[PDB]
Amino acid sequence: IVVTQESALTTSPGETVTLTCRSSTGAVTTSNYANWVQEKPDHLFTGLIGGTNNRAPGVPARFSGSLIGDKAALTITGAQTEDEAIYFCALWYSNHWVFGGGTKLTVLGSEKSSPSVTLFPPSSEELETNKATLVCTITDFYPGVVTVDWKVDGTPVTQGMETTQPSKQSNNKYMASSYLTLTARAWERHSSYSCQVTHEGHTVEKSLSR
């Protein structure tokens, strides 16, 4: 069974947000006893809602669980900056639980900042091993959500790329990195290489000419 959530949502503080949680088997009902769990930076987990709408003790009144249509939902009324975090939902299926993928919540707590991108070519020392790794570093962005796209001679790559999950910098902006791994042969054969980072609908790109 697959439990689906929204990947990320952004909100200004003081506004209300609703996150949903669906089941691949059908409608989510009270029998799924939907839970909502919050993850704050450093793997700090805390339960917010259990049994569809029972708020765990100590949890702020602004958090409410509910059922909207065929899905479970979490509503944060008057979201605060301290609520930027990831929210997981879990659904009960008679004798087991299935967790959702998590929704990253941004509560704009600072001015938006574009990612600073840097792309590095493979070193000569590495190339000798018949391997070529291009490194793309990505820093100082807020919201902390970016999609990274690699291209070779203008064509999209779908293999050999690996990106890390943004992580918060001391200044609460975010950082991330991506890697493209090539054989030395593939590396020498192309002239154009590009790391493209889309952040809030605007793509920041760096390129290497070989």
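All residue numbers are counted from 1 along the displayed sequence.
Enquirer: Which is higher on mean Cα B factor in this entry, 109-117 or 85-93?
Expert: According to the entry, 109-117 carries the higher average C-alpha B-factor.
Enquirer: Mean CA temperature factor from the deposited coordinates, higher in 191-199 or in 9-17?
Expert: Looking at the record's C-alpha B-factors, the answer is 191-199.
Enquirer: Sorting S170, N53, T46, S177 by Cα temperature factor from the record, which one lands on top?
Expert: If I rank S170, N53, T46, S177 by C-alpha B-factor, first place goes to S170.
Enquirer: Could you tell me which one of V28, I68, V37, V146 shows the highest CA temperature factor in the PDB record?
Expert: So the option with the highest C-alpha B-factor is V146.
Enquirer: Select lowest, middle or highest to describe the third in which the CA B-factor of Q159 falls within its chain in this entry.
Expert: Top third by C-alpha B-factor.
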